[PDB]
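A.B. asks: So that we are looking at the same thing, I have put the structure below in structure tokens.
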Amino acid sequence: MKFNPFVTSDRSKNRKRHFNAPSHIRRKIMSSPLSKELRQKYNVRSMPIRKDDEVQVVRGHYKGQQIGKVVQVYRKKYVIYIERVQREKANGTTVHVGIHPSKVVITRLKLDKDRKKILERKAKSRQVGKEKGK
Amino acid sequence: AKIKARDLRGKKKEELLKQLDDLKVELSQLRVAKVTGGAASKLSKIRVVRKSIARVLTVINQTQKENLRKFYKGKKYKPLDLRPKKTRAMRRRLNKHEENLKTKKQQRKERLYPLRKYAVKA
Amino acid sequence: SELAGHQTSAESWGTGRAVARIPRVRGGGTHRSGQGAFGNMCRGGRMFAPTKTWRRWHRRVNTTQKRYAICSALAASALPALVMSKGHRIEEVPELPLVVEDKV
Amino acid sequence: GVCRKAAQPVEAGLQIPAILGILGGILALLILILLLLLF
Amino acid sequence: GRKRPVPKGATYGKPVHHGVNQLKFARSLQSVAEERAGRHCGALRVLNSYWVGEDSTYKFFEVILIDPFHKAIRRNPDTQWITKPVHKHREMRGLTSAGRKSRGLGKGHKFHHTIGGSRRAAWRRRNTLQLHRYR
Amino acid sequence: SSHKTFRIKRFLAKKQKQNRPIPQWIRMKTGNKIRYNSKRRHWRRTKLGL
Amino acid sequence: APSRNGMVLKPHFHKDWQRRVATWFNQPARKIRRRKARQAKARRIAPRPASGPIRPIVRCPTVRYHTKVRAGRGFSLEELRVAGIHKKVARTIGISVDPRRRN
Amino acid sequence: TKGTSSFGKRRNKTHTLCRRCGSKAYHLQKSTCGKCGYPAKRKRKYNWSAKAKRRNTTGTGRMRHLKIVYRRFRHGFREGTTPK
Amino acid sequence: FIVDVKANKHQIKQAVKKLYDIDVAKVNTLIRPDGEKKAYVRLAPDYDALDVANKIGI
RNA sequence: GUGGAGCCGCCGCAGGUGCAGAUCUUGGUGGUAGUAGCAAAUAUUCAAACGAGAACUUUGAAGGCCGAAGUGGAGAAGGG
RNA sequence: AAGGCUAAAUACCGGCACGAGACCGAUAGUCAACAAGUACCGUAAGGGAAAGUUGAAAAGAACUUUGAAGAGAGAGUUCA
RNA sequence: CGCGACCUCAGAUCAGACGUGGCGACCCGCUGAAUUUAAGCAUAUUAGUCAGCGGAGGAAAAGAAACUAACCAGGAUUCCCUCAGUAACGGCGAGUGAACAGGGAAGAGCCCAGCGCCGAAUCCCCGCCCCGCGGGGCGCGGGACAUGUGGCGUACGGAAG
RNA sequence: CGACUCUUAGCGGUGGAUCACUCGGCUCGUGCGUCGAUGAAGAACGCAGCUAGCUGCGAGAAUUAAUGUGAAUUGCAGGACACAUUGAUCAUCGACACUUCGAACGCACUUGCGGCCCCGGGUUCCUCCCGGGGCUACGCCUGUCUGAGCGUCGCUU
Ligand SMILES: [Mg+2]
Ligand SMILES: [Mg+2]
Ligand SMILES: [Mg+2]
Ligand SMILES: [Mg+2]
Ligand SMILES: [Mg+2]
Ligand SMILES: [Mg+2]
Ligand SMILES: [Mg+2]
Ligand SMILES: [Zn+2]
């Protein structure tokens, strides 16, 4: 149950803060879970997805053992595009059909200098949760 | 050719205005490229040079207002744009010194009869 | 119904002119220029008897009846016929005033 | 445009004559013919 | 006394309100005098005033004023009460001793037409329907 | 009028620039519901009133 | 307008009373605003006693109430004079002073 | 002569736009405005119309400077810069 | 050219002589009804316009 | 049968609680009706061209009109 | 008495932020869920609207064929 | 006749400050109806409200008795519950209409002119410094204010020596 | 026989009710309670690569700097991907800048007409010579400077 008297619980106002989100808050709500292998090597649960992570789709019309990298992150439509899952148009032109990153499992991260520190910050705070158990 | 404002701070005034009027020449001749047919790769150059031309004018104005705030530091009667803004009503309050003033009758009253601390059981 | 639905300039057309004697809005141009204004019939009108915030919302019960009601709510929570007929599956449970020790 | 008399214009207007039809007819009592019925 | 400002003495109302010519203006003439002194000099603060003459048509009051931003006034904490911004235009609000003699306030049985604050603060509190939450 | 002052014809220049249809690249944008300029003024029907 | 055997009544609603209406919806909200103004006043001061100074024994006026004893305002300088404490010392001892009171 | 033919003679303008409110209410001969009453120092507003206040009070413009004052209040109106 | 609307013909005469290095005979301005000022800058007969236009782009 | 994401029974509780009328309000659509009307200021005709298409566009020839207080040629105000 | 200052308990249908509801559900609820004090009206003071919804995803019907085109007939997308 | 002092006043784009205008839910000062009610209508009621005008502040105003009381007496102001639809007002008709006790919420008290005393013991401005950050001073030296009275101690609960 | 008319039913059209939805109101409450001559509220005008409105901004104009954040913005283009430079974008915002009217302030409001002071060049300049800068509203307080009076008086002559 929510106890804080300074955070909402109403349907109209969490939706309004969802679709009118700032574009740096919006990379946080477009987070995706790490794979079972890769959450054990880093002891972290989930990550915000960036442009060049290898990924497979875990639910939808297009799913099942399809590692392949994302190629475009529409934050405006809350949608990542992945380089293999595609769709022919009526024209014969082929386009990327887009999916939501919660329906998606990262299988290989792209590390830079900053995505080391985002991992280590989310990892070091998880021993502190285990250190509460006295 | 990018322009960083952190790089421009160690420059001289005879170098900044020379590099600013240099940028006004490219912004002149890119406007010519828009009134003709067009060279559309140079029609997206116009936005990044007109924001580059604001970065030089900013460092000129920031290293002049603070070059001159160090001049009137330690001075009575500094100009109006160097005085704190704070709102119109803040300038017309007394100050932190005058609001602490107590008259001599109310000073001996406070040192002869100070507020005591106590409690009531025994 | 906040202030009122009475923030409209409107007079009755009054006389003949083959319209009902409801007030009409003033002016011209716009759609809303000869339409029925305030009164509980009109598109955009004011509701009948607009609710007020000084309705008596709260009720008093004298305290001897509040205590009476809570003694009857405890005596029925021990009879197994009444507690099961409210739907609580208490088939497998032991003795109906369930008492666990103060360690819990 | 190539699609502006076809896809701008049929949206542009096409219901703009709808200013009220009638704005009352304030012509002050068309029974100006004095009739007055036997007095 | 004041004449009622109405064209040709015609007040257009009920016969109790034909009062064009015997009307007395419930604030005093000294209070008028302090008012248009603190209205000309809007930077000065007004303390009070006193009587120094009358003829038959004119009446002469000396109004004493205070510059709130002079440092002889903004020092000396026995005078710093009037350089505090709630004392702005004390006669447009009727707060000096000339103007408060017409507010009708004071302690006693003769003055409990104004028994909370002022006359219109009593009226609001004698005429609000104080319906409670449990009633 | 052909004898007009400056604040008239820079008021009239503003009304003349903003009488133009929507560019056709905004119908393709994400989540608009505009489909024609509905603030369009024609010079015989609706007049500015100076 | 009247009817059978009833009460002749004067409802004082002949005046525009719906503007001057007072609803007590903030009244639980102000009860926990002046508890928190008592709690954050108790812990702010000292081990000095809450609810302020010592009040005197005072008898009520006016025939109806003159058989009861009420808490008063101060301590009436004569009583401070006999007890031996000074009039300007007394209000930081925790003792209320009402100089206009007569004994 | 009373009606449609007297509309032809309507040829010269009574009101032009006011410099303080932009209204076409500045009467040329009275030299005053309808809505604001321009050559008076104060603004013309009346409690006998609640809509006319709704059109032109604060909060209906850009608020070029009260946007900033409403923002600077919630930090206590600082003067000196931030640390790096 | 098209000039900023607050420029008189002296400022135009010096701001074309200094930018483009040409002698200016006379200037005839105009407010064209989109709201921008147009200037007609005539050159000295020593110069030519069809080649000065070539080195300013067009 | 259509439709595509929510809903209902019983026991109590609470109402902005059920329409045929108010020359009701708002929106919609009929009969009238393919009707009344497209009738002030004399007038058009032939060929060709352009065109998917010509009583009406342009061109040429004819017959006419306004007839210098013009159905001509310029402006002020107003329009923009 | 005919001079002056003074906190708290009190007020707040404007403002800046919040939180909640036995509230309304697009003729309702703010006039205004939308480019709304907008378009438009009036010389002016002023009056003042109407207007929410494809799909899960544009995948918004390529191509063939009739027509000058609007408009069709096949095909095609889609669970539809 | 000239010069000086002061007293009444002028002028300045003099050095430095200030005020104007907006918002106006709440607050203060003024001003002020009529519809309505009385089954008509004048007084009355509506109402000291609407509209009008002027001033603020985050609160405002009020506030330490020229008070209530009439007895074993209470003790600034403000708010709440009662008093009380009461005393009283009123074509004594329609209607209007407080307060004091009492129970609470909160609680805080002071200063001055006067009368006397102290060699004006007082204040403002300018100049350079003690020495400073984020700038205000107690120190030094000059110009003024001021005896037609600045300052200290004093306030009716008495005060001073 | 056909047609017309009438009533039913299927299908189709017109129309937009109902139902389901809701980035909106509305009520109550809490916390703070902040404009302006250092130029406010409001208005006008302008600003984007294609951009009318809305929204945001002011010739530094769809935003600059700084801090925080850490790869996008996106209708299509274009461009730097550089981040063990400085780093896209977004938020915060304490630094800068902020056209014209407006209490609006040189005077007028007709983008009209000035006055002094200064500066870069032309008569190397006074007596009205281009551009740029500065100043010029009213009321009023303290101080200053200038000085008016058959006001009061002194020292004189
Ligand atoms: Mg909500
Ligand atoms: Mg009851
Ligand atoms: Mg003026
Ligand atoms: Mg304020
Ligand atoms: Mg509808
Ligand atoms: Mg930046
Ligand atoms: Mg100049
Ligand atoms: Zn105006």
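Convention: chains lettered A, B, ... in structure tokens order; per-chain residue numbering from 1; ligands numbered from 1 as shown.
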Taking only C-alpha atoms into account, what are the residues of chain G at most 9 Å from chain C, put as a PDB file with N, CA, C and O atoms, in the first residue's frame?
C.D. replies:
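File iface.pdb, as written:
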ATOM      1  N   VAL G  21     -21.930  32.361   4.369  1.00  0.00           N
ATOM      2  CA  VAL G  21     -22.155  31.045   4.946  1.00  0.00           C
ATOM      3  C   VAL G  21     -20.816  30.515   5.443  1.00  0.00           C
ATOM      4  O   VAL G  21     -19.750  30.851   4.915  1.00  0.00           O
ATOM      5  N   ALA G  22     -20.868  29.730   6.514  1.00  0.00           N
ATOM      6  CA  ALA G  22     -19.674  29.203   7.155  1.00  0.00           C
ATOM      7  C   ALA G  22     -19.838  27.707   7.333  1.00  0.00           C
ATOM      8  O   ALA G  22     -20.707  27.265   8.086  1.00  0.00           O
ATOM      9  N   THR G  23     -19.016  26.932   6.639  1.00  0.00           N
ATOM     10  CA  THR G  23     -19.015  25.486   6.765  1.00  0.00           C
ATOM     11  C   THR G  23     -17.750  25.050   7.488  1.00  0.00           C
ATOM     12  O   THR G  23     -16.668  25.574   7.220  1.00  0.00           O
TER      13      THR G  23
END
A.B. asks: Taking only C-alpha atoms (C1' of nucleotides) and all ligand atoms into account, which residues are within 7 Å of ligand 8, as a ChimeraX atom specification?
C.D. replies: /H:18-23,25-26,33-38
A.B. asks: Okay, now the selection with C-alpha atoms, as a PDB file, in the first residue's frame?
C.D. replies:
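Wrote it out as part-v8.pdb, contents follow:
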ATOM      1  CA  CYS H  18      -5.276  51.921 -28.507  1.00  0.00           C
ATOM      2  CA  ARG H  19      -1.581  51.923 -27.699  1.00  0.00           C
ATOM      3  CA  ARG H  20      -1.994  50.461 -24.191  1.00  0.00           C
ATOM      4  CA  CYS H  21      -4.510  47.642 -24.740  1.00  0.00           C
ATOM      5  CA  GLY H  22      -4.788  47.158 -28.528  1.00  0.00           C
ATOM      6  CA  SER H  23      -8.554  47.226 -28.741  1.00  0.00           C
ATOM      7  CA  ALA H  25     -11.577  51.474 -28.627  1.00  0.00           C
ATOM      8  CA  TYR H  26      -9.494  54.665 -28.643  1.00  0.00           C
ATOM      9  CA  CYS H  33     -10.060  54.565 -24.817  1.00  0.00           C
ATOM     10  CA  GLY H  34     -13.140  52.459 -24.300  1.00  0.00           C
ATOM     11  CA  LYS H  35     -11.616  49.522 -22.461  1.00  0.00           C
ATOM     12  CA  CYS H  36      -8.642  50.956 -20.592  1.00  0.00           C
ATOM     13  CA  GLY H  37      -9.308  54.697 -20.649  1.00  0.00           C
ATOM     14  CA  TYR H  38      -5.782  55.392 -21.880  1.00  0.00           C
TER      15      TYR H  38
END
A.B. asks: Write out as a list in words the residues lying within 10 Å of residue 12 (chain F), counting only C-alpha atoms (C1' of nucleotides) and excluding same-chain residues fewer than 4 positions away.
C.D. replies: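 Close residues of residue 12 (chain F): residues 6, 7, 8, 16, 17, 48 and 50 of chain F; 33, 34 and 35 of chain I; 80 of chain J.
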A.B. asks: Residues of the last selection are to be written out with C-alpha atoms (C1' of nucleotides), as a PDB file, in the first residue's frame.
C.D. replies:
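Saved to part21.pdb:
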ATOM      1  CA  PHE F   6       3.042  53.057 -40.491  1.00  0.00           C
ATOM      2  CA  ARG F   7       1.302  51.305 -37.590  1.00  0.00           C
ATOM      3  CA  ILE F   8      -1.610  50.546 -39.914  1.00  0.00           C
ATOM      4  CA  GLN F  16      -1.345  39.118 -44.623  1.00  0.00           C
ATOM      5  CA  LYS F  17       1.489  36.800 -43.595  1.00  0.00           C
ATOM      6  CA  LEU F  48     -10.625  43.285 -39.922  1.00  0.00           C
ATOM      7  CA  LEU F  50      -9.399  48.680 -39.575  1.00  0.00           C
TER       8      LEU F  50
ATOM      9  CA  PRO I  33       3.904  44.848 -47.779  1.00  0.00           C
ATOM     10  CA  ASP I  34       5.131  41.724 -46.018  1.00  0.00           C
ATOM     11  CA  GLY I  35       6.758  44.178 -43.597  1.00  0.00           C
TER      12      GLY I  35
ATOM     13  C1'   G J  80      -6.092  45.495 -47.686  1.00  0.00           C
TER      14        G J  80
END
A.B. asks: Using only C-alpha atoms (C1' of nucleotides), select each residue of chain F with any atom at most 12 Å away from an atom of chain J, and give the selection as a PDB file with N, CA, C and O atoms, in the first residue's frame.
C.D. replies:
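Below is the file that was written, selection07.pdb:
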ATOM      1  N   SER F   1      -5.731  52.506 -48.004  1.00  0.00           N
ATOM      2  CA  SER F   1      -6.365  53.767 -48.318  1.00  0.00           C
ATOM      3  C   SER F   1      -5.565  54.493 -49.360  1.00  0.00           C
ATOM      4  O   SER F   1      -6.093  55.378 -50.030  1.00  0.00           O
ATOM      5  N   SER F   2      -4.291  54.099 -49.460  1.00  0.00           N
ATOM      6  CA  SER F   2      -3.143  54.686 -50.152  1.00  0.00           C
ATOM      7  C   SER F   2      -2.588  55.903 -49.422  1.00  0.00           C
ATOM      8  O   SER F   2      -1.517  56.378 -49.790  1.00  0.00           O
ATOM      9  N   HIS F   3      -3.264  56.416 -48.400  1.00  0.00           N
ATOM     10  CA  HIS F   3      -2.709  57.318 -47.395  1.00  0.00           C
ATOM     11  C   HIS F   3      -2.958  56.609 -46.085  1.00  0.00           C
ATOM     12  O   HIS F   3      -4.034  56.722 -45.497  1.00  0.00           O
ATOM     13  N   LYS F   4      -1.970  55.865 -45.639  1.00  0.00           N
ATOM     14  CA  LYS F   4      -2.075  55.111 -44.412  1.00  0.00           C
ATOM     15  C   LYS F   4      -0.815  55.359 -43.610  1.00  0.00           C
ATOM     16  O   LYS F   4       0.222  55.714 -44.166  1.00  0.00           O
ATOM     17  N   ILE F   8      -0.549  51.235 -39.196  1.00  0.00           N
ATOM     18  CA  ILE F   8      -1.610  50.546 -39.914  1.00  0.00           C
ATOM     19  C   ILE F   8      -1.038  49.465 -40.817  1.00  0.00           C
ATOM     20  O   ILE F   8      -1.480  48.315 -40.778  1.00  0.00           O
ATOM     21  N   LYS F   9      -0.042  49.793 -41.630  1.00  0.00           N
ATOM     22  CA  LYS F   9       0.389  48.825 -42.625  1.00  0.00           C
ATOM     23  C   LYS F   9       1.396  47.816 -42.109  1.00  0.00           C
ATOM     24  O   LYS F   9       1.708  46.868 -42.833  1.00  0.00           O
ATOM     25  N   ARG F  10       1.941  47.990 -40.915  1.00  0.00           N
ATOM     26  CA  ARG F  10       2.624  46.862 -40.310  1.00  0.00           C
ATOM     27  C   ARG F  10       1.680  46.039 -39.453  1.00  0.00           C
ATOM     28  O   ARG F  10       2.027  44.921 -39.068  1.00  0.00           O
ATOM     29  N   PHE F  11       0.491  46.566 -39.161  1.00  0.00           N
ATOM     30  CA  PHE F  11      -0.600  45.739 -38.665  1.00  0.00           C
ATOM     31  C   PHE F  11      -1.225  44.938 -39.793  1.00  0.00           C
ATOM     32  O   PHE F  11      -1.626  43.788 -39.602  1.00  0.00           O
ATOM     33  N   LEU F  12      -1.328  45.541 -40.973  1.00  0.00           N
ATOM     34  CA  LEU F  12      -1.888  44.862 -42.129  1.00  0.00           C
ATOM     35  C   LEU F  12      -0.927  43.852 -42.719  1.00  0.00           C
ATOM     36  O   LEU F  12      -1.368  42.874 -43.330  1.00  0.00           O
ATOM     37  N   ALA F  13       0.377  44.080 -42.573  1.00  0.00           N
ATOM     38  CA  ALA F  13       1.356  43.115 -43.047  1.00  0.00           C
ATOM     39  C   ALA F  13       1.323  41.847 -42.217  1.00  0.00           C
ATOM     40  O   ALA F  13       1.615  40.765 -42.730  1.00  0.00           O
ATOM     41  N   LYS F  14       0.965  41.962 -40.940  1.00  0.00           N
ATOM     42  CA  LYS F  14       0.900  40.796 -40.072  1.00  0.00           C
ATOM     43  C   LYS F  14      -0.284  39.918 -40.433  1.00  0.00           C
ATOM     44  O   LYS F  14      -0.163  38.693 -40.467  1.00  0.00           O
ATOM     45  N   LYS F  15      -1.440  40.532 -40.687  1.00  0.00           N
ATOM     46  CA  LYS F  15      -2.632  39.809 -41.107  1.00  0.00           C
ATOM     47  C   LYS F  15      -2.458  39.135 -42.455  1.00  0.00           C
ATOM     48  O   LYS F  15      -3.122  38.133 -42.725  1.00  0.00           O
ATOM     49  N   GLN F  16      -1.569  39.653 -43.292  1.00  0.00           N
ATOM     50  CA  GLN F  16      -1.345  39.118 -44.623  1.00  0.00           C
ATOM     51  C   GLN F  16      -0.377  37.948 -44.614  1.00  0.00           C
ATOM     52  O   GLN F  16      -0.511  37.038 -45.439  1.00  0.00           O
ATOM     53  N   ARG F  41      -8.790  34.055 -43.228  1.00  0.00           N
ATOM     54  CA  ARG F  41      -9.608  35.222 -43.505  1.00  0.00           C
ATOM     55  C   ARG F  41      -9.663  35.479 -45.003  1.00  0.00           C
ATOM     56  O   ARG F  41      -8.623  35.519 -45.663  1.00  0.00           O
ATOM     57  N   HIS F  42     -10.867  35.658 -45.535  1.00  0.00           N
ATOM     58  CA  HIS F  42     -11.053  36.096 -46.910  1.00  0.00           C
ATOM     59  C   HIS F  42     -11.502  37.548 -46.913  1.00  0.00           C
ATOM     60  O   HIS F  42     -12.276  37.966 -46.052  1.00  0.00           O
ATOM     61  N   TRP F  43     -11.026  38.311 -47.895  1.00  0.00           N
ATOM     62  CA  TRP F  43     -11.142  39.760 -47.850  1.00  0.00           C
ATOM     63  C   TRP F  43     -12.543  40.274 -48.159  1.00  0.00           C
ATOM     64  O   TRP F  43     -12.839  41.427 -47.836  1.00  0.00           O
ATOM     65  N   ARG F  44     -13.414  39.470 -48.764  1.00  0.00           N
ATOM     66  CA  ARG F  44     -14.784  39.924 -48.963  1.00  0.00           C
ATOM     67  C   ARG F  44     -15.720  39.507 -47.846  1.00  0.00           C
ATOM     68  O   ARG F  44     -16.640  40.258 -47.508  1.00  0.00           O
ATOM     69  N   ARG F  45     -15.526  38.316 -47.285  1.00  0.00           N
ATOM     70  CA  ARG F  45     -16.451  37.809 -46.284  1.00  0.00           C
ATOM     71  C   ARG F  45     -16.244  38.489 -44.941  1.00  0.00           C
ATOM     72  O   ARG F  45     -17.131  39.186 -44.441  1.00  0.00           O
ATOM     73  N   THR F  46     -15.075  38.302 -44.347  1.00  0.00           N
ATOM     74  CA  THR F  46     -14.791  38.800 -43.013  1.00  0.00           C
ATOM     75  C   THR F  46     -13.741  39.889 -43.104  1.00  0.00           C
ATOM     76  O   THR F  46     -12.684  39.684 -43.704  1.00  0.00           O
ATOM     77  N   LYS F  47     -14.030  41.039 -42.516  1.00  0.00           N
ATOM     78  CA  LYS F  47     -13.111  42.157 -42.546  1.00  0.00           C
ATOM     79  C   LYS F  47     -12.549  42.435 -41.162  1.00  0.00           C
ATOM     80  O   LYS F  47     -13.155  42.099 -40.144  1.00  0.00           O
ATOM     81  N   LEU F  48     -11.364  43.046 -41.154  1.00  0.00           N
ATOM     82  CA  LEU F  48     -10.625  43.285 -39.922  1.00  0.00           C
ATOM     83  C   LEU F  48     -11.307  44.315 -39.041  1.00  0.00           C
ATOM     84  O   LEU F  48     -11.206  44.243 -37.812  1.00  0.00           O
ATOM     85  N   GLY F  49     -12.008  45.267 -39.642  1.00  0.00           N
ATOM     86  CA  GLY F  49     -12.432  46.436 -38.909  1.00  0.00           C
ATOM     87  C   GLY F  49     -11.220  47.280 -38.586  1.00  0.00           C
ATOM     88  O   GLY F  49     -10.818  47.361 -37.423  1.00  0.00           O
ATOM     89  N   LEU F  50     -10.622  47.867 -39.627  1.00  0.00           N
ATOM     90  CA  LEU F  50      -9.399  48.680 -39.575  1.00  0.00           C
ATOM     91  C   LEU F  50      -8.219  47.908 -38.978  1.00  0.00           C
ATOM     92  O   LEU F  50      -7.399  47.386 -39.728  1.00  0.00           O
TER      93      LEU F  50
END
A.B. asks: Please indicate the distance in Å from CA of residue 78 (chain H) to CA of residue 80 (chain B), rounded to one decimal place.
C.D. replies: 17.0 Å
A.B. asks: Compute the set of protein, DNA and RNA residues whose minimum atom distance to ligand 4 is at most 8 Å, using only C-alpha atoms (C1' of nucleotides) and all ligand atoms, and state it as a ChimeraX atom specification.
C.D. replies: /B:89 /L:57-58 /M:34
